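What follows is one chain in structure tokens, specifically the form deposited in one PDB entry.
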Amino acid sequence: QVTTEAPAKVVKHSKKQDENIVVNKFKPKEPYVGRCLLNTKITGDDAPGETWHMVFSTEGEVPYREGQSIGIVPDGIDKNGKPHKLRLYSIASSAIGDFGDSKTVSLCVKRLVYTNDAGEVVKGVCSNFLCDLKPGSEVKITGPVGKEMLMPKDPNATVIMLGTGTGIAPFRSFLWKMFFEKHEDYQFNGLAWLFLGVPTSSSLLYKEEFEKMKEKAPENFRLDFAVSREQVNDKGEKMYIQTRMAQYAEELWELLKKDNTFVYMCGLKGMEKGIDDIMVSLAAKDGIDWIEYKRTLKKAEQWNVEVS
């Protein structure tokens, strides 16, 4: 008698792709050092700000999956001569990545530039270090991190993705695995619906890639853009993400009542409110309380949010 089945730790059940998940392999103390392969500005010279797409080599050392983030420790020192603390960035590439070899990672970064009360033009430290990165230079990477935005296991589920600005990042990740990759254990056949809010047309992130996916899966891939400073509803209200969602109110509420519908939200902290406003009315007309229903969805792993 050399064996025994040690009693099992009690565990919560999950509908998301978390099997063999990895978080925090690399710490800021000793980050994984990768190199920049490419770094391109994806917004028009005319857009209010600049957003860049960049790819780093990982030689397969960073075991990330769709929906996770990695931290970046930007080169340099702060005002007190100390190294910079990490900044987190949602991964914009699928687990196998932009080279299809599982040896790279991609980011979608907005260059942060503003002016303080003193009237001084301030440049965000990490975002400017990243957007300035030249191919061939090293970059310190930490993580992976996160389990909230992991894709659902069900390959026939309805996945509603709501994002603003660079919040599109994890959705580009999900969608690559869903429509640009042939997976033995996962071949998506449900309905993927993406809503993306950006300020101008010169700011439409990954527009061409999304259009190729629609041209390849015209049935099960739906795409709706909400250009806030160019588009307007019938009353002249700015077309924010919730204003566009409102044109499909009947349909979305109908999908939300389905049990295989998963909603993901990523981007600005504020997008959260206008959407709940839209949802509270729908449930109300249906004799439902969104406050209680949302609670249920959240616990059922069907209302996933990652905003900052």
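Note that residue numbering begins at 1 and tracks the sequence as displayed.
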Q) Got a sec? Mean C-alpha B-factor, which is higher, 277-285 or 59-67? A) 277-285
(Q) Averaging CA B factors per stretch from the PDB record, which one is higher: 26-34 or 47-55? (A) 26-34
Q. Based on the PDB record, which member of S203, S90, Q187, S173 exhibits the highest Cα temperature factor?
A. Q187
Q: Would you mind finding, among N116, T104, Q231, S137, the residue with the largest C-alpha temperature factor in the entry?
A: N116
Q.
By the recorded C-alpha temperature factor, relative to the other modelled residues in its chain, which third is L255 in?
A. middle
**Q.** Ranked C-alpha temperature factor of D224 among modelled chain residues, by third
**A.** lowest
Q. Taking the entry's C-alpha B-factors for this chain, is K147 in the lowest, middle or highest third?
A. highest
**Q.** Relative C-alpha B-factor of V121, binned into the chain's lowest, middle or highest third
**A.** highest
Q.
Lowest, middle or highest third: which one holds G197 when the chain's residues are ordered by CA B-factor from the entry?
A. lowest
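Unshown form solved in complex with a partner chain; subsequent notes refer to it.
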Q.
Since the partner isn't included here, can you check whether the partner chain sits close to all of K153, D286 and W290 in the deposited complex (heavy atom within 4.5 Å for each)?
A. no
Q: Choose from 201-209, 158-166, 114-122, 80-88 the stretch whose residues reach within 4.5 Å of the partner chain in the deposited complex, heavy atoms counted.
A: 201-209
Q: Counting non-hydrogen atoms within 4.5 angstroms of the partner chain in the deposited complex, say which of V33, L255, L38, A249 makes the cut.
A: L38
(Q) Can you work out which of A192, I96, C126, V145 has a heavy atom no more than 4.5 Å from the partner chain in the deposited complex? (A) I96
Q. Does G44 make contact with the partner chain in the deposited complex, using a 4.5 Å heavy atom cut-off?
A. yes
Q.
in the deposited complex, does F179 come within 4.5 Å of the partner chain, counting heavy atoms only?
A. yes
(Q) So in the deposited complex, is the partner chain close enough to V55 to count as touching (4.5 Å, heavy atoms)? (A) yes
**Q.** Non-hydrogen atom contact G76 with the partner chain in the deposited complex at 4.5 angstroms
**A.** no
